Every structure is written in C-alpha cells, then in structure tokens.
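What follows is a set of notes on a single structure, which appears directly below.
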Protein chains: 4
Amino acid sequence: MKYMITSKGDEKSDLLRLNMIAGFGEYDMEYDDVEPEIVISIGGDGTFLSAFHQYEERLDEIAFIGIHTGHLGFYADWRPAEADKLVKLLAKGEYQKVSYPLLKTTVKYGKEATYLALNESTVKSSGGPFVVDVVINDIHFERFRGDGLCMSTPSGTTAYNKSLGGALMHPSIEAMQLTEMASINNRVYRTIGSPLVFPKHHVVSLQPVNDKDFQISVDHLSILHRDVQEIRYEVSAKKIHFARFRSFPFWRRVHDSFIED
Amino acid sequence: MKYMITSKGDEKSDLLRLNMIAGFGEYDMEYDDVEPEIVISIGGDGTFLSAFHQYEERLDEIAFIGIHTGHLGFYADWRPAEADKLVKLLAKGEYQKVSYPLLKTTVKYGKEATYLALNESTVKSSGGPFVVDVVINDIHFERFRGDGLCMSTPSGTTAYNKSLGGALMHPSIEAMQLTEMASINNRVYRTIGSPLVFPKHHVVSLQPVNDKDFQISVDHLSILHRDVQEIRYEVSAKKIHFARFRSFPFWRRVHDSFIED
Amino acid sequence: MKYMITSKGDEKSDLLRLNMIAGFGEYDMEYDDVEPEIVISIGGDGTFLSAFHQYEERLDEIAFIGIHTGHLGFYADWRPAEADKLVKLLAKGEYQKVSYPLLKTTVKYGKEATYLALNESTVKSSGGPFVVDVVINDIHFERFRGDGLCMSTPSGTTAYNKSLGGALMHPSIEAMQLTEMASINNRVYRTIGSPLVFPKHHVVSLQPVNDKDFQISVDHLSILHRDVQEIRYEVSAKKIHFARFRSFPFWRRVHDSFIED
Amino acid sequence: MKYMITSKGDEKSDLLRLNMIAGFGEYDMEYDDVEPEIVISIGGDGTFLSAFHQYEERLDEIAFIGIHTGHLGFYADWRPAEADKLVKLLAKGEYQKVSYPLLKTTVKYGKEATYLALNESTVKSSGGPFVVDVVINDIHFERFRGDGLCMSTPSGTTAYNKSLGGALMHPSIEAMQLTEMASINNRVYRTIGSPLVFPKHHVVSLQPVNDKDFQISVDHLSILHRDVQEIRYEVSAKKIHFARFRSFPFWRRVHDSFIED
Ligand SMILES: CC(=O)NCCCN(CC#Cc1nc2c(N)ncnc2n1[C@@H]1O[C@H](CO)[C@@H](O)[C@H]1O)C[C@H]1O[C@@H](n2cnc3c(N)ncnc32)[C@H](O)[C@@H]1O
Ligand SMILES: CC(=O)NCCCN(CC#Cc1nc2c(N)ncnc2n1[C@@H]1O[C@H](CO)[C@@H](O)[C@H]1O)C[C@H]1O[C@@H](n2cnc3c(N)ncnc32)[C@H](O)[C@@H]1O
Ligand SMILES: CC(=O)NCCCN(CC#Cc1nc2c(N)ncnc2n1[C@@H]1O[C@H](CO)[C@@H](O)[C@H]1O)C[C@H]1O[C@@H](n2cnc3c(N)ncnc32)[C@H](O)[C@@H]1O
Ligand SMILES: CC(=O)NCCCN(CC#Cc1nc2c(N)ncnc2n1[C@@H]1O[C@H](CO)[C@@H](O)[C@H]1O)C[C@H]1O[C@@H](n2cnc3c(N)ncnc32)[C@H](O)[C@@H]1O
C-alpha cells in the first residue's frame, strides 16, 4: 500500500532512503507521507521516535519499521544491508504485526492537554525545588522531594528508566514504571525509593505543593508548563504496531545492546 | 465450611486463636486442619508463609486470611481487635476471593523436583564461587558471577527483592522478577545489572559452569542440592486465593509498611 | 570580639536573633557584620550555607555557629533553647575550633573564575545532551553521557551526594567525591558508575565534547556559563572553622538525622 | 637481596617462574622463601592475595610485585613479557617503595583473634537471620538486619566493595569503607544504606543481637566463629609495600580494568 520513509539526514541515511524508494518503485508501492500504511525510519532510535510522533494520530493505521545506520537500536533493529530483502517482503506482504503499549500523559491547568509517549514522560522543576505529592488511584502515597520523576513504557525501560535503576520489562506486559531522580530521604522526607510498576487502568497523579511550574518531557521533547494543577499517568488504550518479518526477541535485543554482540 | 488456624505460638497468638475457635463454635463452623476451606494465620508474614506451604497441595480449595499480632504484615493485614468481626463475616460468607500469582521452580539432577514460592526463590553457592549461565527461553543471555540470584513473585517484590533493588509490582500482574546479588562487572565479566521482569510462559533457566552444588531457597526454607544440572523458573499455573472482606489496596499496604502509618 | 547574626527571616529566627543580640550587649561584645570574628546562623542548613558564602573572603578570620529553629541541621546543630548558654560561652571564650575541608571549582573560558563550595559543585547541560570528558590528573578517564556530575566535600556527602548513591565520609578526611547523575551505559557508552573519592592535590577536570554551555551550581546557587572550556575540581587549600563548645560527633549527627532521634 | 616467587601453578606461571629464577641466578640474587625481602607473585589477584597472607608476619621487611599471566590485575599489574626487564631492575635496585593501608579485624569470644585484610573483611550469618548492632566509637549507630556487612581497604574498593555499591577511593587515603549487603528497611527496621568511609583511629564494632555464630571472611578465606561477642574494625597500623619501577597510576589501573584497555 502507501508508505513513507524518514531519514536522519546524514549521507548514509539519505542515500539508503533514495535507494529503497527506487526499489519500491519496482513494485505497486506508492509513496505517500500523508496517509502511509508503512512508515520506515532510517537512522537511530531518535529518528524512530521522531517518526512515531510525526504520525501519532494514525497509530491504528500504520506499521513501523526501523533501520539503524549506526549502532543497533531498540526500535531500529534491522541492518542497512538487509534493506533490499526488506523492500521485497514489504511488497509481497504476509508479515505479522507486533504491538507495544504506550503511555498516556494528561496535563491539567486552570484547560487540559494529553500526550502519548513511546519511551517515557518525565517531570522536573523550572529551577526551584521539585516537590510533588504522588497519588495512586486517589490515595496519597508519598510526598516526593528531589530532582524529578520518570514514567516509562515497557519498551522504554531500556532507555532513561534503565539509567535511573528501573527494571527492564518485556514489552508484552501492559504496564508503566515510575522511577525517582535523586530523592531526598531523611527524618523529615520519605519516599519509597524502589521503582513502581503499575498495571493497566491504574492512575498515578502528580500534584504540586508550592511551585506550579514544571519542565515536562515526552520522549525527546521538553515543554515548560505554567500554572499546572495535575499530571496524570496511565497506560494508554492506544498501541504502536511493528511490521515483523523475522524473530528478533526482546531479550536478545537486550543482550545484544548491553552484554555483547 | 471447614477451617483451621495456625499460630505463631506466642501467648498473644495462641490466646487469640483459642478465642476465635470459640467464636466459630457458635456457628456451623467445623474445625478441620486436614481439608479446611479457610486457613487463618495468626502472627506475622513468616507464620503466613508457613501456612501457605503447609497446604500448598490444596491451593485451589482454600482461601487464606492473615492476622498480624505484631506490626502490619503484607499477607497478615487484619488487626487482632477486628478478630470477632472477622469470625462473624467468615460464617455468613458472601466474601470475595482475590488471587495472587505464584512462582514455580524446577530443579533437575542426573531426576527432578519442583517447588512453589509465594515470596521468592533464590540460588547461592555452597561456599565456592557462584558462576551460572542465565538462559532466557533457550537464548543464552549472560554469564552471572556473584553472590546469587533472586526470582520473585509480584507480592514478593516488597520482600527480599526490594532489598536487592528490585521494582515493586502490583500483584494483579502475572509476572516474575529477577535481581542480582553483588554481581562482578569488569572488562572480563558482564551482567545486565538491572532487574528483569518476565511475563507468563517465559522460562528463565540457570545452568552451572563449574561447581554444581548450590544452596536453593524457597521462601523461608533453604535446601542444599548436589549434582544440579538446571534450575527453571516460570510463573506458575497455580494461584493463591485470599478471602477479602474489605478494600485494602496493595499500594496502601505499601504506603503503610514503608512510608508511614 | 566582633560578631554578627544572620536569620532565616521567619518570626522564630528574627526574635531569637534579637534576643541573642540583647544578651551579647550584656558582655563586651560588639556587633559588626563587616569584619566579624564570630558568625551565628539562625534557621536551617540553607541559612548557614548563605552565611558561609556571605563571608567566604574572611574564612581564616571567622568561626561559624549554627542554630536550627526547625529540624536538626548538619551545620546548624544547636537547639534554640540552648541559645542563652551559647551567648554565655561565646563571651568568656576558651572554645575550640574545628575545621572542615572545602571544594575549589575553577571555570575557564576563552578568562577564569573560581568558586568555593561547602556542600558540593554540580554540572548539568543547558538543555541539550550532557556529554563531558572526565580527565584525572591529565589522564582521560571516561566520556560521561547523562544528566550531570556532582563533586562533594566531606560534610557535603550527607546532602546531594547522598541522594545520588555516594558514600558518607567523616569530615576529618581531606577529600572530594564524584557521583554520577543517570549515566547511560551500553555497548557504546561506558562510565565507571561507582562514586570516586579523591585525595588532596588530585585534579578532576571536565571538558566539553560538543555543546559548551552548562548549568553550574555551587551550593544553593546555579550559574549558566557560556563558552566553557574546562571545569577543574580539587580539594581547597582553605578550610571552614566551627566554634565548638561541646562534643557532637559527626556520626551521631548522621544517626540523629537519618536513623532516629 | 633474598627473594621468592609464588605461582598460580598453571603451566604459564610455573614456566615464567622457572625462567625468572634462572635470570636471578645471573645476579647476586639468592632464593629464600623463608625470609625474602622481595616477593614476586605470578598469576592473578588471588595468587597475590595468597602471597600477602603467606608473609603477613614480615610486612615491614618485604616489597611485593605482581605479574599477571591472565587479564590485568589490580595487584599484579606487570605483564609477563616485561619479566626479563623486571629481573634486571630488581637486581640493580634503586626502585621506590609504595605503601597501601590495610584493615585490622579483631574477633572476641568468651579469648581474642586478629586478622589483617588487604581487600576486605566480611560478616554473614551461619544460616539464620543476620542481625547485628553497629557501634561507632562506642556510639550505637544502627541495628543492621540483612545478608551481611563488608569492610574494605582503599585498594579493596575495586573488589567486593565495588559490587555492593561502595565508592572507589585512592589508596593514599588512610581509611576503611563499610557497605551493606541487602539490608531490610521498613517501618520497623532502619539502616543508613549509604556506604560509610572511616578515617584512621575510628573503631567500628559489630555486636550480636541473638545468634552469636557468624561466617567471617578475610580476603579469600572464610572462618566460622562460634560464641562471638564482638568484631572490631579499624585501619591497621601496618601497611603493605610495593616495589615500583614505573608510573602506573591507580586511576589508570581503574580505567584499564573497568572502562577499556
Ligand atoms: C539529554 C539527552 O540524552 N537527550 C536525549 C537524546 C536521545 N533521545 C533518543 C533516544 C533513544 C533511545 N530509546 C531507547 C530505548 N527505548 N531503549 C534503549 N535505548 C534507547 N535509546 C538510546 O538512548 C541513548 C541515549 O540517547 C542512545 O544510545 C539511544 O540508542 C531521547 C531519549 O533519550 C533518553 N534519555 C534522556 N536522558 C537520558 C539519560 N540521562 N540516561 C539515559 N537515557 C536518557 C530518553 O529515554 C529519551 O526518550
Ligand atoms: C535471613 C532472614 O532474614 N531470614 C528470613 C526470615 C523472614 N521470613 C519471613 C518473612 C517475610 C516477609 N514477606 C514479605 C512480603 N511478601 N512483603 C514484604 N515484607 C515481607 N516480609 C517481611 O520480611 C521482613 C524480614 O524478615 C519481616 O519484617 C517480614 O514482615 C522469610 C522471608 O525473609 C525475606 N528475606 C530474607 N533475607 C532477606 C533480606 N536480606 N532482606 C530482605 N528480606 C529478606 C525473604 O523474602 C523470605 O521469604
Ligand atoms: C532543588 C533543591 O532542593 N534546592 C536546594 C535547596 C536546599 N539547599 C540548602 C541545604 C542543605 C543541606 N546541606 C546539608 C548537608 N551538608 N548535609 C545534610 N543535609 C543537608 N542539607 C539538607 O538538604 C535538604 C534538602 O534541601 C534539607 O533538609 C537540608 O537540611 C541547597 C542544598 O540542597 C541540596 N540538594 C539539591 N538537590 C538535591 C537533591 N535532589 N537531593 C538532595 N539534596 C539536594 C544540595 O546539597 C544543596 O547544597
Ligand atoms: C565467591 C568468590 O568470588 N570467591 C572469591 C574469589 C576471588 N578472590 C581473589 C580476588 C580478587 C580481586 N582483588 C581485587 C581488587 N583489590 N580490586 C579489584 N579486583 C580485584 N579482584 C578481582 O575479583 C574478581 C572476582 O574474583 C577477579 O576478577 C579478580 O581480578 C577473592 C576476592 O573476591 C572478591 N569477591 C568475593 N565475592 C565477590 C562478589 N560477589 N563480587 C565481587 N568481588 C567479590 C573479594 O574481594 C575477595 O577478596
């Protein structure tokens, strides 16, 4: 059907993209970057993140594919030299689709705004001290003082979450995971410390204690939100779909990225 | 129906048990510690652990209830003074049952043996160096050198898992979590470090590299296994059932145990 | 001799300060906030930090004293009700002086600027990715990618350093300690991870890899430095002096602040 | 003067040792494994540890040297191919000596026994629960419940201490560092968590709460001590001496062992 290709913009990526476009022309494959059904990303995990967000409004009508021109990525897990074999199988079809959970973030003001994260959503302070009350399903759980908090999808657990001490979880688990950034713990101030892993339908809510200005990030983009009253996290009802041509198990991707390849 | 009561054996616990037995006599409640349908545990989490294991062969035909005569427990989350109101509702019935996942451990020799964990199963060395190959769904993931490994149920994540840096996960998630004990990491030796959270049907397998003698624990009991060829972990097909009379959310139990009460 | 008193500015602190000033008047004690020999700080650790920095140019000619009107502080470790007994002993004198090491930070441009930290000096990115080469005594040790780095005095180790996983060290040790904030570690990127504790005369130097704009903090104040070529850390030749009237061991202050009081 | 050589016992090590012995014969170098002044260790850090302990009673009268026939060691930091150049300089002399602090452990009964550690001394339980009161300079600091405690020399901080989260400290710092193994922390039980770094002359003392049987290790050897009343740690008055022929800075050894080589 219809397809498009994003590129990191370096010479490798642009040239591989132009080459793939020519291969597609040799099939009944029409390039449409408006309503594609296949989105190919050429570059790294960042390039793939950008492609996801470019088309987050047609997630149900798209299967994504990642080609890494640099080191192996977690989302771009196909090698540039397999590119021709890829165009081939994309044309004849018959591939299976694989779905990863996403994270929904809602920001309320005194008005609302929602975002969808593939990696994670984080909250920090606009400079001043970061103090937030953490409420779980309307139960006040803790008062967090520190640098910030990170809420991660399953596939995001090998990203920022990992650097904060979070657990890696298999993407077939419909869950989200909360980790702390440098929490203060003394006689006066008390956080759980451990990461927290939440199931579908649980709502984690952050509420300001003094300052109501926070730097909120969603994947690679950071927005300053003024006069904030609440930040709601929950596992999204929407999912991202991957075109899969081949067995490449998550734990193998983990081993290849972190242990040895 | 039929019921039984275990006690920690201190005076508080024995006396509360004898008192509850008298209250049950005032209903059509017959004490049977052979095929009970209700198992009451009076004491702490250890006492409850012992009660689970005493009756692990009739898990489908039993609902458990925990009374803590000391500090609040995670499994024994009812207070001693609510004991009379408890006997009451146990008799009239109409309570709901709540189910937590369990962990299945298989130990192979050169013969087999399986165990069921409510908290966690751990592996350490019989003194010598602990070196094990970790295989995930038949894929060699890492060679672990260190003090040992811990595999935890969801409800076990607030126990040993927590002290090892693991994430706390809500018990409605059918999963198991692997954490490291003091792994060596240098130029030569490489582990993931992060905890790992596995879904149902995944099989984590530990295989010896030199020494084949390990100290294996399952909840509060530690068995020395000689001439071991494999230790298989997976989320069990069996589940533990709790009689629930009242809303006491897991995250509240967490907040009460660790943040403040 | 000459003395001055800073206050947090709340009613407790101002009133205690005015009361102490009256007690001093009853001795040969002259209030001079220009060249004091005794600096009293009334409030919390922040108030004390501000007092240290107000007079960092006469550190050799001053003995500091902290009064906490809130919870116990690490620098303000005297209780408000002992205030009269304090004025007493300050007048008759004969107290001993205690000295804690400080941290020297030098920032070079393309010009120079040095700062003195009592708690710690940190470095983060002006938004973009934080990538810095870490050089120890001119030997390239690691390329750090992550949120930032923290360099701590001994007395600072119970502050930000503690929240980052650093070790607590007794203030009689002339050293500084470097900790990581969320470092990325994968096949491509490699940091030591462990905190590092440096002796006197060692020079840790941070050098930019791409972006040369960093947010640099020294205790409670954060400065944006543009066109930065180097940040040099070393244990300072200058030390802070405390008037001591009483044995209050560091490890007891630690136990009281973090374990129980 | 007099010298001796230990070997790991594999063919590489034995053959290199016999070769070095022949080179020494070509000088006024007499082999004496009773009162040597130079102790050469051929193998790995374990082999070197064994050599230190073989001669711990003549530490003031010996300079140690490590040759690694496997990967680089922290104590055996000379390569096998530099062996001839080594025998050379050992004969003509004029080398400088470098000294690392050691750890003194005293075990009291109801009688006494002291040990000297180059890496670290650890304490665990004989199976039952490990509960110990930690007293610092006679001040009760904390009640530790968990798997055990580790007390490390500076040069030991890259060994077991490192795997437990401890800080790496430069060996010129006369100090010792205490780290926790899986401590329980909840409403009831409270430890500091952070590693602790102690200066010379401080005494950390462990005292039993119930069980008085512990597995105590000193470097590579583990002794079961029954009816124990106290374990005292302090920085030793004795130091280990290294023959140094060449600049090989500690932080470079760290970088080479852990970052890349
Ligand atoms: C300041 C800065 O770094 N700007 C962001 C530029 C990169 N991007 C793109 C990416 C990605 C990605 N996605 C994945 C993935 N899903 N799984 C595994 N690796 C992945 N990666 C790998 O992350 C490594 C570091 O760029 C690269 O090698 C990628 O292969 C934003 C993502 O950065 C993550 N992050 C931000 N502060 C972090 C920190 N302090 N520590 C660790 N992670 C951090 C965050 O997650 C965000 O979503
Ligand atoms: C040597 C020794 O301790 N012998 C075991 C005696 C206790 N038992 C009974 C229990 C329990 C329990 N079950 C739960 C639960 N599910 N959730 C939360 N708390 C719970 N608890 C609480 O654990 C605290 C410590 O006893 C108590 O206060 C309980 O309220 C064995 C259980 O000990 C756990 N463990 C063993 N080494 C540990 C360590 N180093 N660190 C932390 N945990 C450790 C392990 O899990 C085992 O399954
Ligand atoms: C954003 C923000 O917090 N603004 C700073 C306002 C406070 N100030 C004053 C203080 C202090 C202090 N000095 C000591 C001391 N020497 N020892 C022990 N406690 C101490 N305290 C205690 O720190 C607790 C938290 O304010 C209070 O309870 C004090 O009793 C700046 C100091 O904040 C430290 N910090 C900054 N991000 C931190 C983090 N994420 N985590 C932990 N620490 C962090 C940093 O060290 C700086 O130097
Ligand atoms: C059960 C077992 O392992 N038996 C001990 C056999 C090894 N020996 C010899 C050694 C050594 C050594 N000394 C140094 C040194 N000073 N600096 C850096 N590396 C060093 N190494 C390196 O340690 C790596 C692991 O053998 C090797 O690669 C060596 O190059 C005992 C030493 O093991 C240490 N340990 C014990 N449980 C540990 C754990 N769980 N995690 C990390 N460390 C652990 C402990 O320190 C003891 O003192």
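In the structure tokens, the first chain shown is A, the next is B, and so on; residue numbers restart at 1 for each chain, and ligands run from 1 in the order shown.
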Please determine the contact residues of chain D with respect to chain A at a cut-off of 12 Å, counting only C-alpha atoms, and supply them as a ChimeraX atom specification.
/D:185-187,190-194
Written file, previous selection with N, CA and C atoms, as a tab-separated table (two decimals), in the first residue's frame:
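In the end it all went to result.tsv:
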chain	number	residue	atom	x	y	z
D	185	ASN	N	14.77	-2.52	55.11
D	185	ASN	CA	14.37	-1.19	55.57
D	185	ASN	C	12.86	-1.05	55.42
D	186	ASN	N	12.18	-0.92	56.56
D	186	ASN	CA	10.75	-0.71	56.59
D	186	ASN	C	10.43	0.17	57.79
D	187	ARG	N	9.15	0.22	58.12
D	187	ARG	CA	8.70	0.97	59.28
D	187	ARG	C	9.48	0.58	60.53
D	190	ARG	N	15.76	-0.02	60.22
D	190	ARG	CA	16.33	1.23	59.73
D	190	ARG	C	17.84	1.10	59.65
D	191	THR	N	18.41	1.18	58.45
D	191	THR	CA	19.85	1.31	58.29
D	191	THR	C	20.16	2.57	57.49
D	192	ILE	N	21.43	2.98	57.52
D	192	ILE	CA	21.82	4.19	56.79
D	192	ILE	C	21.76	3.97	55.29
D	193	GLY	N	22.10	2.76	54.82
D	193	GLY	CA	22.04	2.46	53.40
D	193	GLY	C	23.30	2.89	52.67
D	194	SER	N	23.62	4.16	52.77
D	194	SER	CA	24.82	4.68	52.15
D	194	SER	C	26.03	3.93	52.67
Would you give me, as a VMD selection string, the residues in region 29-250 of chain A that DSSP reads as strand (DSSP E)? chain A and resid 30 to 31 38 to 43 63 to 68 96 to 108 112 to 117 120 to 125 130 to 136 139 to 152 168 to 169 175 to 183 196 to 199 204 to 208 214 to 218 221 to 225 230 to 244
**Message:** Which residues are near ligand 3 - at most 7 Å, using only C-alpha atoms and all ligand atoms? Format: as a PyMOL selection string.
**Reply:** (chain A and resi 128-130+146-147+182-184) or (chain C and resi 44-46+49+73-75+119-120+155-160+162-163+219-220)
>> Quick one: residues within 12 Å of residue 210 (chain A), only C-alpha atoms, excluding same-chain residues fewer than 2 positions away - as a PyMOL selection string?
In response: chain A and resi 125+128-133+143+145+207-208+212-214+227-229
Can you write out the residues you just picked, keeping C-alpha atoms, as a compact mmCIF listing (two decimals), in the first residue's frame?
# COMPACT_ATOMS: atom_id res chain seq x y z
CA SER A 125 11.26 21.71 38.29
CA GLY A 128 13.28 25.85 42.04
CA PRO A 129 12.90 22.85 44.34
CA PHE A 130 10.85 19.96 42.96
CA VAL A 131 8.20 18.89 45.50
CA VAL A 132 5.17 16.89 44.36
CA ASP A 133 2.50 14.80 46.05
CA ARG A 143 5.44 13.49 49.06
CA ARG A 145 11.24 15.92 47.06
CA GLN A 207 0.07 17.39 42.28
CA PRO A 208 2.11 20.50 43.13
CA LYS A 212 3.34 25.04 39.98
CA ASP A 213 5.81 25.37 37.08
CA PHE A 214 7.44 22.18 35.79
CA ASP A 227 0.13 27.09 36.33
CA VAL A 228 -0.12 23.29 36.45
CA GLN A 229 -2.60 21.59 38.77
In terms of only C-alpha atoms, the residue from B:83, B:63, B:189, B:9 at minimal distance from residue 22 (chain B) is B:83
Residues near region 95-108 of chain A, cut-off 6 Å, only C-alpha atoms, skip fewer than 3 positions along chain, as an mmCIF file with N, CA, C and O atoms, in the first residue's frame:
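Produced file result.cif, reproduced below:
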data_model
loop_
_atom_site.group_PDB
_atom_site.id
_atom_site.type_symbol
_atom_site.label_atom_id
_atom_site.label_comp_id
_atom_site.auth_asym_id
_atom_site.auth_seq_id
_atom_site.Cartn_x
_atom_site.Cartn_y
_atom_site.Cartn_z
ATOM 1 N N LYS A 111 -7.884 24.128 31.829
ATOM 2 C CA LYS A 111 -7.672 23.584 30.493
ATOM 3 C C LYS A 111 -6.797 22.331 30.573
ATOM 4 O O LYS A 111 -6.159 22.085 31.599
ATOM 5 N N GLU A 112 -6.766 21.539 29.499
ATOM 6 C CA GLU A 112 -6.133 20.227 29.535
ATOM 7 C C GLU A 112 -5.315 19.992 28.269
ATOM 8 O O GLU A 112 -5.482 20.674 27.255
ATOM 9 N N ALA A 113 -4.422 19.003 28.346
ATOM 10 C CA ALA A 113 -3.579 18.610 27.222
ATOM 11 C C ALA A 113 -3.036 17.214 27.487
ATOM 12 O O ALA A 113 -2.541 16.941 28.585
ATOM 13 N N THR A 114 -3.129 16.337 26.489
ATOM 14 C CA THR A 114 -2.668 14.962 26.620
ATOM 15 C C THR A 114 -1.560 14.677 25.615
ATOM 16 O O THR A 114 -1.541 15.224 24.511
ATOM 17 N N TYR A 115 -0.636 13.810 26.016
ATOM 18 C CA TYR A 115 0.466 13.369 25.174
ATOM 19 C C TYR A 115 0.580 11.851 25.230
ATOM 20 O O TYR A 115 0.071 11.196 26.144
ATOM 21 N N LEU A 116 1.266 11.297 24.234
ATOM 22 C CA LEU A 116 1.464 9.859 24.106
ATOM 23 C C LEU A 116 2.959 9.600 24.015
ATOM 24 O O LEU A 116 3.626 10.125 23.120
ATOM 25 N N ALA A 117 3.485 8.799 24.930
ATOM 26 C CA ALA A 117 4.909 8.510 24.980
ATOM 27 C C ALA A 117 5.170 7.074 24.540
ATOM 28 O O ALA A 117 4.442 6.150 24.932
ATOM 29 N N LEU A 118 6.208 6.895 23.717
ATOM 30 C CA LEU A 118 6.731 5.577 23.383
ATOM 31 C C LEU A 118 7.854 5.149 24.319
ATOM 32 O O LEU A 118 7.933 3.973 24.688
ATOM 33 N N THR A 153 7.182 3.441 29.489
ATOM 34 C CA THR A 153 6.542 2.299 28.855
ATOM 35 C C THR A 153 7.409 1.070 29.076
ATOM 36 O O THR A 153 8.545 1.172 29.544
ATOM 37 N N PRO A 171 8.041 -6.214 26.652
ATOM 38 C CA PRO A 171 7.009 -5.320 26.100
ATOM 39 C C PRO A 171 5.615 -5.925 26.019
ATOM 40 O O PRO A 171 4.661 -5.175 25.777
ATOM 41 N N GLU A 174 1.399 -5.110 29.768
ATOM 42 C CA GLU A 174 0.714 -3.824 29.664
ATOM 43 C C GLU A 174 0.844 -3.119 31.007
ATOM 44 O O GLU A 174 0.044 -3.315 31.920
ATOM 45 N N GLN A 229 -1.893 22.119 37.614
ATOM 46 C CA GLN A 229 -2.602 21.590 38.770
ATOM 47 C C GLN A 229 -2.481 20.083 38.928
ATOM 48 O O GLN A 229 -2.757 19.570 40.018
ATOM 49 N N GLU A 230 -2.080 19.365 37.881
ATOM 50 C CA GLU A 230 -2.086 17.912 37.946
ATOM 51 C C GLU A 230 -1.415 17.345 36.704
ATOM 52 O O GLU A 230 -1.526 17.919 35.617
ATOM 53 N N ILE A 231 -0.719 16.224 36.881
ATOM 54 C CA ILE A 231 -0.167 15.429 35.789
ATOM 55 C C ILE A 231 -0.616 13.989 36.016
ATOM 56 O O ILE A 231 -0.259 13.383 37.033
ATOM 57 N N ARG A 232 -1.409 13.450 35.093
ATOM 58 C CA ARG A 232 -1.977 12.111 35.221
ATOM 59 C C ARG A 232 -1.279 11.149 34.268
ATOM 60 O O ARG A 232 -1.199 11.407 33.064
ATOM 61 N N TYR A 233 -0.797 10.035 34.807
ATOM 62 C CA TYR A 233 -0.175 8.967 34.034
ATOM 63 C C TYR A 233 -1.061 7.729 34.074
ATOM 64 O O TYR A 233 -1.574 7.363 35.137
ATOM 65 N N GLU A 234 -1.228 7.085 32.923
ATOM 66 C CA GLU A 234 -1.889 5.789 32.856
ATOM 67 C C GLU A 234 -1.455 5.097 31.573
ATOM 68 O O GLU A 234 -1.000 5.740 30.624
ATOM 69 N N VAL A 235 -1.584 3.773 31.561
ATOM 70 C CA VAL A 235 -1.254 3.016 30.363
ATOM 71 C C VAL A 235 -2.298 3.311 29.295
ATOM 72 O O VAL A 235 -3.509 3.246 29.549
ATOM 73 N N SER A 236 -1.831 3.658 28.102
ATOM 74 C CA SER A 236 -2.711 4.147 27.053
ATOM 75 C C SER A 236 -3.585 3.031 26.496
ATOM 76 O O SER A 236 -3.206 1.855 26.485
ATOM 77 N N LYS A 239 -1.937 1.573 21.054
ATOM 78 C CA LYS A 239 -0.719 0.777 20.970
ATOM 79 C C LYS A 239 0.008 1.067 19.661
ATOM 80 O O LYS A 239 -0.609 1.439 18.657
ATOM 81 N N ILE A 240 1.338 0.892 19.678
ATOM 82 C CA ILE A 240 2.144 1.026 18.468
ATOM 83 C C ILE A 240 2.324 -0.341 17.828
ATOM 84 O O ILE A 240 2.520 -1.352 18.516
ATOM 85 N N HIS A 241 2.286 -0.369 16.500
ATOM 86 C CA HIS A 241 2.345 -1.603 15.735
ATOM 87 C C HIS A 241 3.644 -1.655 14.947
ATOM 88 O O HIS A 241 4.026 -0.671 14.307
ATOM 89 N N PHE A 242 4.311 -2.802 14.989
ATOM 90 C CA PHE A 242 5.535 -3.033 14.232
ATOM 91 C C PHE A 242 5.279 -4.090 13.169
ATOM 92 O O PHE A 242 4.654 -5.118 13.450
ATOM 93 N N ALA A 243 5.747 -3.830 11.951
ATOM 94 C CA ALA A 243 5.857 -4.888 10.955
ATOM 95 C C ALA A 243 7.015 -5.799 11.340
ATOM 96 O O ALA A 243 8.140 -5.329 11.535
ATOM 97 N N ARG A 244 6.743 -7.091 11.485
ATOM 98 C CA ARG A 244 7.769 -8.062 11.836
ATOM 99 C C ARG A 244 7.917 -9.071 10.707
ATOM 100 O O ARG A 244 6.931 -9.674 10.272
ATOM 101 N N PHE A 245 9.147 -9.244 10.233
ATOM 102 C CA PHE A 245 9.468 -10.203 9.187
ATOM 103 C C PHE A 245 10.247 -11.393 9.713
ATOM 104 O O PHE A 245 10.495 -12.342 8.962
#
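A straight line drawn from CA of residue 21 (chain A) to CA of residue 50 (chain A) is 19.8 Å long.
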Practice task
Determine, counting only C-alpha atoms, which protein, DNA and RNA residues have an atom within 7 Å of an atom of region 33-43 of chain D; residues of the same chain fewer than 2 positions away are not included. Present the result as a list in words.
Solution key: residues 1, 2, 3, 4, 5, 6, 7, 8, 13, 31, 47, 48, 51, 61, 62, 63, 64, 65, 66, 67, 68, 69 and 70 of chain D
Here CA of residue 16 (chain C) and CA of residue 86 (chain C) stand apart by 12.1 Å
Notebook entry, point to check: So which bits of region 17-227 of chain B end up alpha helix (DSSP H) when you DSSP the backbone, as number ranges by chain?
Noted result: B: 17-25, 45-54, 83-92, 160-163
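Of the listed residues (D:248, D:52, D:144, D:198), D:144 comes nearest to ligand 2; the distances count only C-alpha atoms and all ligand atoms.
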